[PDB]
*Asks:* 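Quick one: the structure is below, questions incoming.
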Amino acid sequence: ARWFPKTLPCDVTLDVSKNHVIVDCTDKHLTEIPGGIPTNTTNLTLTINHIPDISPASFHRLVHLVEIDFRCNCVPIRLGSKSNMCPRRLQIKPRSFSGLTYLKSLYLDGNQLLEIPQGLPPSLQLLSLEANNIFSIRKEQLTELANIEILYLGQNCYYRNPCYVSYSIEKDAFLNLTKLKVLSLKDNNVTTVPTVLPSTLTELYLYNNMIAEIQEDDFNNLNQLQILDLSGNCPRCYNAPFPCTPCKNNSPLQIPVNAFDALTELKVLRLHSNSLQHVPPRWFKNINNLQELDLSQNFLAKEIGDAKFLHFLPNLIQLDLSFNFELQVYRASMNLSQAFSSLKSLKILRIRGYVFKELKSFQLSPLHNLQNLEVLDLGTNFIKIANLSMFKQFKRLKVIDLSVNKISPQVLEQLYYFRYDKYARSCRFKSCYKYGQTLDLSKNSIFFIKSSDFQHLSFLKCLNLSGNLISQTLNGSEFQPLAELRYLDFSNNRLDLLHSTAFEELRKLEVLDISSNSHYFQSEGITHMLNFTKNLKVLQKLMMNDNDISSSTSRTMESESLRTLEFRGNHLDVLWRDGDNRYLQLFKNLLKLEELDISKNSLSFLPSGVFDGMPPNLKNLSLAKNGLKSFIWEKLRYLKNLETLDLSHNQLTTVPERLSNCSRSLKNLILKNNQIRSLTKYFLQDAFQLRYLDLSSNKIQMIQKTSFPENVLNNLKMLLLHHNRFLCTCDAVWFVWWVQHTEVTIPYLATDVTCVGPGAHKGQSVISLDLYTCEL
Amino acid sequence: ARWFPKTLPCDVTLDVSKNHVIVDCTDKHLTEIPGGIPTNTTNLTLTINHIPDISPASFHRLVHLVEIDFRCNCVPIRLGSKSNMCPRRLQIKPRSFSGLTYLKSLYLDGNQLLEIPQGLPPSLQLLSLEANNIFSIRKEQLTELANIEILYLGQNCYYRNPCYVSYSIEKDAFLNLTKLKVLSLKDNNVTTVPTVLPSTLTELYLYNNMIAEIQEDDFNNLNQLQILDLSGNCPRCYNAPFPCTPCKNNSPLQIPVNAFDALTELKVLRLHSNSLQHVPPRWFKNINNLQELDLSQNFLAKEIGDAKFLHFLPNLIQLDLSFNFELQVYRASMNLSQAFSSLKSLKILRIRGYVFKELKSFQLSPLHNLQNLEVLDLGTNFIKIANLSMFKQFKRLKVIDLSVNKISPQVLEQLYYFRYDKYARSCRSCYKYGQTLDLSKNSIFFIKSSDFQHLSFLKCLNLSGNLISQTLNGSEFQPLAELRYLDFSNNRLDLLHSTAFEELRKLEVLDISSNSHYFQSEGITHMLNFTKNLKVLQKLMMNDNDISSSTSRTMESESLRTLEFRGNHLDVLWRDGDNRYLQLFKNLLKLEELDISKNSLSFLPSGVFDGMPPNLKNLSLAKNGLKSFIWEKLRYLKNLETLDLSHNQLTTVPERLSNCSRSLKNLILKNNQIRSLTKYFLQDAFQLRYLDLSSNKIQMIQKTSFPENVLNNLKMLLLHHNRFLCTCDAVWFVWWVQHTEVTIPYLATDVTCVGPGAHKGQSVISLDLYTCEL
RNA sequence: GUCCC
RNA sequence: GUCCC
Ligand SMILES: *[C@@H]1O[C@H](CO)[C@@H](O[C@@H]2O[C@H](CO)[C@@H](O)[C@H](O)[C@H]2NC(C)=O)[C@H](O)[C@H]1NC(C)=O
Ligand SMILES: *[C@@H]1O[C@H](CO)[C@@H](O[C@@H]2O[C@H](CO)[C@@H](O)[C@H](O)[C@H]2NC(C)=O)[C@H](O)[C@H]1NC(C)=O
Ligand SMILES: Nc1nc(=O)c2ncn([C@@H]3O[C@H](CO)[C@H]4OP(=O)(O)O[C@H]43)c2[nH]1
Ligand SMILES: Nc1nc(=O)c2ncn([C@@H]3O[C@H](CO)[C@H]4OP(=O)(O)O[C@H]43)c2[nH]1
Ligand SMILES: *[C@@H]1O[C@H](CO)[C@@H](O)[C@H](O)[C@H]1NC(C)=O
Ligand SMILES: *[C@@H]1O[C@H](CO)[C@@H](O)[C@H](O)[C@H]1NC(C)=O
Ligand SMILES: *[C@@H]1O[C@H](CO)[C@@H](O)[C@H](O)[C@H]1NC(C)=O
Ligand SMILES: *[C@@H]1O[C@H](CO)[C@@H](O)[C@H](O)[C@H]1NC(C)=O
Ligand SMILES: *[C@@H]1O[C@H](CO)[C@@H](O)[C@H](O)[C@H]1NC(C)=O
Ligand SMILES: *[C@@H]1O[C@H](CO)[C@@H](O)[C@H](O)[C@H]1NC(C)=O
Ligand SMILES: *[C@@H]1O[C@H](CO)[C@@H](O)[C@H](O)[C@H]1NC(C)=O
Ligand SMILES: *[C@@H]1O[C@H](CO)[C@@H](O)[C@H](O)[C@H]1NC(C)=O
Ligand SMILES: *[C@@H]1O[C@H](CO)[C@@H](O)[C@H](O)[C@H]1NC(C)=O
Ligand SMILES: *[C@@H]1O[C@H](CO)[C@@H](O)[C@H](O)[C@H]1NC(C)=O
Ligand SMILES: *[C@@H]1O[C@H](CO)[C@@H](O)[C@H](O)[C@H]1NC(C)=O
Ligand SMILES: *[C@@H]1O[C@H](CO)[C@@H](O)[C@H](O)[C@H]1NC(C)=O
Ligand SMILES: *[C@@H]1O[C@H](CO)[C@@H](O)[C@H](O)[C@H]1NC(C)=O
């Protein structure tokens, strides 16, 4: 098809509408800028490479560039690879950028630069120098940036990238940048708010610094500011997972009552880890529009019970008072001030880490009349006692989150309140809530449940009981009131499936997760009824992964409704022991089942009967990670609606003589990570239904035309070949040609479609291989 | 050293004292008997190979053979590999064995044989034909076995190896085998006890068959029999994990009351899975010496509460009544008959699977006066309630086993009572600390001191696999003043308090592995410094705890010798830039063994080694995805003897190992990405004794890297599964490997050339390189 | 590759 | 390969 092979080791995309030519060279182990980058190129990314220098030749031809992303070509020693340390900082020669008349955005983060690069064109709206070694800002070095709007200078002096001094900012350094909207000086060892900043600021990031005091006029002129983050100045250091130095005498960040008076526009204020003991209402006298307030990781436990400042926050959407507990105090209860009632607009309230023994209904009354409240997060509070029925007054809420507590009778990262910098950029780039009302009781100490535990909660759509201690012979009496429940996450418990009536009271249940309930499945002689499915009339999806199931009293699972079954990490090798026919029809009576996952079941072979016993509408089958050493391909004939076969991470050595003759229906075939050395002569002949084919990470040496007829290849959405053992002799002439000239999408042509030999061409990409010597 | 390279792909061992020459060819992907087997060869093993035939040429020279082990060269379809199925049964030509005048033992199990091989010498004392296809025994075929003593015929007709008919045994087939001691007809589809058997039998195995009835005189003459197993004839099939066909009418195996009268010598009687409802005392009227009785997997729940037969068993060492519960009955308590008191000799009692709600002290009184009782096993009973204090009356017992129950306020295989055949042949723990109370796999959520009142004598407590979610503060085990071993694994330790466990003042070993729960949620306080309070602790296991944070910065002990810290997140604690935890193990002054494998340590920040306590001998950094390693830093570890760096991504070795560590004896670098050795790698590294470089990508090895004055001290040197290039540059290496004394495993199997083309796939032991010397 | 798996 | 890990 193609007349001129694409040899450039970068992805190239046309966005014809927005007039853009996008060249992505992210992570291509480059040591030079590749030649032949299109002249029409507008967005060029060279992130994560080892190009040691930039020069006028770097971009000479590329006069249409609006964005260069040149991050992490020399990342500071402690942030970067220890196996591929950068030897010497990126060198930028003069005039490298002054040519680029249309350049709007320049990223040079993570290059060990000592100074703000000079000679930048006046077109530049965005400059980014995170994780460099620039810790002294001077007015003179900034004059070139007159039209700059966004400026990132953070992560240039902190514990992962130390500069061993205080950050220096000359007086009025930023004042003449009259268009500057966004200024980020986070994670920098700054000692004072730099002044005077231009009144044109919308966003100021000053977090994770050594600022002890805000002067009353530090933000005098900033009438346009929308976001201010002063977090992690005088930090709360208890249980900090980074080196943390508090302000002396447990001082807080000192903020004058009138510091915020100019900030009429402020929408987000962030005062996380500022060791605050008081929130003066006077702060918010002229901020009527504040929406998001973060007061997590302070010492505001007392204040939570007073909190006059809330009376001045009627438009607040989001409030975070997480982790304000006094060290070595375990409060009997939660004292929320009446003031919380004045938060007419509040959608999201979070108070993790108040740390209290017992939660009672009336303690939450300050919230009864917040009409817009969607999320209430009382996680990580070590609550021992809580009558769940209290939440009957909270039908309107989308999520009630009591995760990580000690109870017995819109998602946040695993590390969140204790990350150093949760917004920090990586070198790459730049859940049942949807079912309805969700009660998250995950990670508590619930050993035993009964119906009255759930009295008055019939409105729930999702209950999360993951990671409790539930060890009970559920018999269908325990969840009686949960008439609306669509989703139950019962993972990481100790289900005892003695009774086939387990869960049958949850009459509207669409999804059940009983994964990682392996305990009782590990002791011989225990009765388990896997036939419990029959009683669940609307169940769509069952997850029973990592249950180590090696026995069952019942011989068949039954459902008229079940569409998907995850059965990963069990012992079907033991149930289907060769010679024992009793369980070969375990899934057969799941008549509507379309998706089945029996990966990680130690199936080194499949006894005959397995495929005949599969239910008739099976579409999507995974046998991945089974250590399969053999596979009778013909047996795929029984699976008449099979569309996806995942056989990844096994030990298969062969493909079928003709895939067409094994399955007419099969569209996606995944054989990545096997031991295939060669393909059958007529492998894909007449396999007209085939659309996707992964042969990556095998040991294939040759591919001949017969195996891969073009009337199949040209239907394929994707064909993966990378990481094989290709031999680039004159016998590979067809394959090499076809790869060079095909339209078919083949990932990693630049990176890992490589010759292993013969010696001469070893390690050389096949896309670049010249084989003319074979045609004399 | 060696003048004639060993080219035979079999291990060869001299036992000079017993006059034996042992050749082991087990599992060497052979398709022929190798030539050059020594003539003096006495024991020859060819197990697990693909040799398709035996012939007079097979052993022609080997006239001094006493044992041929030729198992599993053609295993039946369903027992064998499905990826390397055997195409056609083993063919044994006539005269193959008649040469072998001294042959005592012959194993031909697992070869798909259709008939008992003929032509066997009269010297033969043991013949073994398990897992063949021989399901009709004829007197005529056995005449050749006149001097036979041990004869295995089992596993020739059962569900893994079906023959599709009943087993046939001609009348008196075994009678004229006048020396036969041991006969095994297990797992065979036998319908009746074959008669008449020779009176010379000591052991008869008839289990897992289709025997419905014992005739009163089936065992008439067997006055010498010691072991009888009739198990799995009319099996109890509830929750059986194999195809199980009960006798119709829920009938038991029918045993007439006088069936055993001749068996004065019987020591072991095994009646497991015989669907027995009664044990008539009359059975044991003439057996006073019975020692071991298995009555597991019957329906003897009622009988347990009567059990007059025990009055006739004063010499019984071992009794098993496990799994006798009536289906869908959950008894309130255990009714043991008074009769149990008469078992003066009983060392071991097992009653799993009685299935009852509550155990009370007095229910065990029938046992109070059994002086010799060592083991009491009440596992898998779904016991809801048990006052542990009752065991105060049982100080004398070595093990009290309450494992797999439902309690809250030798070792047996994982599958045991429900295996088909627990004795079946393959083709190839805190008990020792003293009194042990095994409470593993219960539902204990909360513990307090009174739970252990009166149990001060305990040496081992196993709480593994409970629900313990408690901020242990050192008050909970107060009474356990003697406890040497605590297994607290698979719980949910909340290490808030650094006084946890401190009351266990005699504790030598603590396992708190797989207590990861509270370690997975940010902002929770954990005191890893709890070790300080544990004055005699030798060994601490805290594996698979996913530990990524700690309030305290150092662990302290004067006593601790071994710390297992596998499966945690030291990569997070030691984040580059954060110096605070680099001395976590430094103050464990007597620590000799440390395991920090599986901690995702892709690199070691500088200071890790300086922070290691001074007497560290044995260090594992396996399975960390290490891509780089500053070998010089090994200088800090002055008493280092073992470094395990297996399963990582290392690409190089140090320029001189001698200049990194003088002390290092064992260096394990298996499963890395090493492509070459440094020029003078091992020069002067005289202390080195073990070196694993297996599963790397090494191409060449030169004499400079591997000087002979080091190599020849090595106990073991592993090289297998590398990328060796067998050009004329490899002349030295190839020569040295061929001629060295040094032990190198897998020379026959996986020390292979990958090239050049010509020599590809060829073993280096067999490589001829004369073309290099013209 | 006789039991485990 | 800046937050993670
Ligand atoms: C942040 O700046 C402080 C001081 O402003 C730096 O600390 C000084 O650094 C040197 C080397 O550690 C010491 O000898 C001085 O004693 C320090 N002075 C003070 C007052 O602490 C600190 O290193 C900087 N932090 C980072 C991570 O670069
Ligand atoms: C044990 O022997 C029985 C006969 O007692 C075998 O069962 C016969 O085999 C075929 C095929 O299964 C049936 O059509 C016959 O009717 C069976 N006969 C009877 C009397 O049932 C059985 O297959 C043998 N067992 C094994 C494991 O090989
Ligand atoms: N799984 C299970 N959990 C229990 O808590 C229980 N109590 C009695 N039983 C009985 O134990 C036998 C083996 O588990 C089961 O068979 P059953 O007699 O129907 O009744 C069962 C229990 N089984
Ligand atoms: N680990 C833990 N388990 C608890 O049960 C508990 N109750 C209160 N707390 C307090 O929560 C804080 C963070 O875990 C701990 O710090 P503390 O204030 O010393 O007291 C602790 C508990 N901590
Ligand atoms: C291309 O660059 C412009 C300006 O830097 C930017 O707004 C646009 O999103 C970029 N797109 C891509 C895909 O790089
Ligand atoms: C709650 O806290 C406030 C402010 O600290 C305190 O004054 C008040 O007495 C407390 N009220 C209750 C109900 O505990
Ligand atoms: C929980 O509170 C409800 C009121 O919603 C009440 O009916 C129920 O009895 C309470 N349960 C307990 C143990 O207090
Ligand atoms: C339940 O909570 C657990 C642990 O907090 C989390 O992994 C899981 O995603 C939650 N389940 C659902 C369905 O959202
Ligand atoms: C379940 O247990 C309840 C009470 O806990 C008992 O009353 C009943 O037998 C069981 N119900 C069903 C539907 O099996
Ligand atoms: C499940 O199987 C058992 C037999 O093992 C049967 O008694 C029970 O009622 C079955 N349950 C259903 C829902 O079919
Ligand atoms: C098939 O199922 C897997 C999970 O088992 C899923 O990730 C994949 O997207 C599915 N594909 C199709 C085409 O149904
Ligand atoms: C496979 O191929 C043969 C010959 O073309 C044909 O007879 C047979 O029906 C085919 N089976 C399928 C399922 O295509
Ligand atoms: C060698 O064969 C004899 C006879 O079968 C036996 O007693 C001895 O234990 C065997 N030794 C080995 C090492 O096979
Ligand atoms: C357990 O038994 C002991 C005596 O062995 C008694 O002192 C204690 O009170 C008992 N505990 C209970 C709850 O019965
Ligand atoms: C404790 O019991 C567990 C769980 O059954 C068992 O695996 C372990 O070996 C026992 N502990 C010790 C130290 O013997
Ligand atoms: C531990 O807690 C118990 C109560 O459960 C308390 O009585 C005891 O004094 C505490 N011990 C220590 C060492 O703090
Ligand atoms: C452990 O360290 C903590 C402070 O981090 C301290 O409270 C406690 O005294 C220490 N405990 C021991 C036993 O050293």
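Just the heavy atoms: all of them, side chains too, but no hydrogens, waters or symmetry mates, feed the values below. Proteins come first, then strands; the chains are lettered A, B, ... in the order of their sequence lines, and each starts at number 1.
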*Asks:* Side chain of B:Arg71, base of C:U2: donor and acceptor closer than 3.5 Å?
*Replies:*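 Flag set: donor-acceptor pair detected.
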*Asks:* Using a heavy-atom cut-off of under 4.0 Å over every strand shown, decide if B:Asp421 touches base, sugar-phosphate, or nothing.
*Replies:*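 B:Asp421: backbone/sugar contact only, no base atoms under 4.0 Å.
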*Asks:* Describe the nucleic acid contact of B:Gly80 in one word from base, sugar-phosphate, nothing, applying a heavy-atom distance below 4.0 Å.
*Replies:*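 Sugar-phosphate contact only.
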*Asks:* Just to be sure I understand the rule, does A:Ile48 reach a base, reach only the sugar-phosphate, or reach nothing, if contact means heavy atoms closer than 4.0 Å?
*Replies:*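 Result for A:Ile48 = base.
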*Asks:* Could you check whether A:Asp320 and A:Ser296, counting side-chain N and O atoms only, form a donor-acceptor pair closer than 3.5 Å?
*Replies:*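 Note: A:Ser296 and A:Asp320 side chains miss the donor-acceptor criterion.
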*Asks:* Would you mind classifying the nucleic acid contact of B:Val75 as base, sugar-phosphate or nothing, using non-hydrogen atoms under 4.0 angstrom?
*Replies:*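 The residue B:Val75 makes base contact.
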*Asks:* Nearest to the side chain of A:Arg425 - D:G1, C:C3, D:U2?
*Replies:*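 Among the listed nucleotides, the one closest to the side chain of A:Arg425 is D:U2.
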*Asks:* Counting any heavy atom closer than 4.0 Å, what does A:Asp187 reach on the DNA or RNA strands: base, sugar-phosphate only, or nothing?
*Replies:*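 Counting heavy atoms under 4.0 Å across all strands, no contact is made by A:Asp187.
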*Asks:* Between A:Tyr158 and D:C3, is there a side-chain N or O to OP1/OP2 distance below 4.0 Å?
*Replies:*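 Answer yes for this pair, as a side-chain N or O of A:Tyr158 is under 4.0 Å from OP1 or OP2.
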*Asks:* Find which nucleotide of RNA chain C each of B:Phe418 and B:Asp27 is nearest to by heavy atoms, and output the residue with the more 5' nucleotide.
*Replies:*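 That would be B:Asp27.
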*Asks:* Taking CG from A:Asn208 and P from D:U2, how many angstroms apart are they, rounded to a whole number?
*Replies:*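 Interatomic distance, CG of A:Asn208 to P of D:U2: 17 Å.
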*Asks:* What contact category does B:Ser600 fall into here, base, sugar-phosphate, or nothing, at under 4.0 angstrom with non-hydrogen atoms?
*Replies:*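 No contact.
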*Asks:* Figure out the NZ/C1' separation between A:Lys430 and D:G1, and round it to whole Å.
*Replies:*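 Rounded to whole Å, this separation is 16 Å.
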*Asks:* Just how far, in rounded Å, is P of C:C4 from CD of B:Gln414?
*Replies:*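 Distance, rounded to whole Å: 11 Å.
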*Asks:* OH of A:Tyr420 versus P of D:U2: gap in Å, rounded?
*Replies:*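 Going from A:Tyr420 (OH) to D:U2 (P), I get 15 Å.
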*Asks:* Can you figure out which of C:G1, C:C5, D:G1 approaches the side chain of B:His50 most closely?
*Replies:*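 Nearest to the side chain of B:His50 among the choices is C:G1.
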*Asks:* Output yes when at least one side-chain N/O atom of A:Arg160 is less than 4.0 Å from OP1 or OP2 of D:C3, else no.
*Replies:*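 So the side chain of A:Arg160 is within the cut-off, an N or O lying under 4.0 Å from OP1 or OP2 of D:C3.
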*Asks:* Could you tell me which residues satisfy side chain to side chain contact (heavy atoms under 4.5 Å, CB included) with B:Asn208, sequence neighbours excluded, listed by chain and number?
*Replies:*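 Expected list: B:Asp187, B:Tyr420, B:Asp421.
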*Asks:* Could I get the full list of side chain to side chain donor-acceptor pair (under 3.5 Å) partners for B:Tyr423, not counting sequence neighbours?
*Replies:*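 B:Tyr423: side chain to side chain donor-acceptor pair (under 3.5 Å) contacts with B:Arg270.
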*Asks:* Kindly point out which of C:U2, D:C5, D:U2 is positioned nearest to the side chain of B:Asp109?
*Replies:*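 Closest nucleotide among those given: C:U2.
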*Asks:* Starting at atom CG of B:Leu30, determine the distance to atom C1' of C:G1, rounded to an integer number of angstrom.
*Replies:*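 Going from B:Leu30 (CG) to C:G1 (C1'), I get 15 Å.
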*Asks:* Quick one: B:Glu130 CD to C:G1 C1', roughly how many Å, whole number?
*Replies:*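 The distance from CD of B:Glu130 to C1' of C:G1 comes to 14 Å, rounded to the nearest Å.
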*Asks:* Does a donor on one side chain sit under 3.5 Å from an acceptor on the other, for A:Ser83 and A:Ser81?
*Replies:*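 A donor-acceptor contact under 3.5 Å links the two side chains.
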*Asks:* Given C:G1, D:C5, C:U2, which nucleotide is nearest the side-chain atoms of B:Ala131?
*Replies:*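 So the nucleotide nearest the side chain must be C:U2.
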*Asks:* Mind checking B:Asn161 for me? I need base, sugar-phosphate or nothing, with any heavy atom below 4.0 Å counting as a touch.
*Replies:*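 B:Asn161: no heavy atom of the nucleic acid under 4.0 Å.
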*Asks:* Does C:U2 have its OP1 or OP2 closer than 4.0 Å to a side-chain nitrogen or oxygen of B:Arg428?
*Replies:*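 Indeed not, no polar side-chain atom of B:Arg428 lies that close.
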*Asks:* Measure CG/A:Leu108 against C1'/D:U2 and give the value in whole Å, please.
*Replies:*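 For the pair A:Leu108 CG and D:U2 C1', the rounded distance is 14 Å.
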*Asks:* Under a 3.5 Å cutoff, is there a donor and acceptor pairing between the side chains of A:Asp24 and A:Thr45?
*Replies:*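 Their side chains do not contain a donor-acceptor pair, so the 3.5 Å distance test is not met.
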*Asks:* Using the side-chain heavy atoms of A:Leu79, tell me which of these nucleotides is nearest: D:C3, C:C5, C:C3.
*Replies:*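 Among D:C3, C:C5, C:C3, the one nearest the side chain of A:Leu79 is D:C3.
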*Asks:* Can you list the steps and then say if A:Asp578 with B:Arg160 is a side-chain contact (heavy atoms from CB on, under 4.5 Å)?
*Replies:* CA-CA 7 Å; A:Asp578 204 4; B:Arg160 305 272 271 133; 3.7 Å; yes
*Asks:* Write down the distance between CD1 (B:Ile51) and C1' (C:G1), rounded to a whole number of angstrom.
*Replies:*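 Atom-to-atom, B:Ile51 to C:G1, this comes out as 14 Å.
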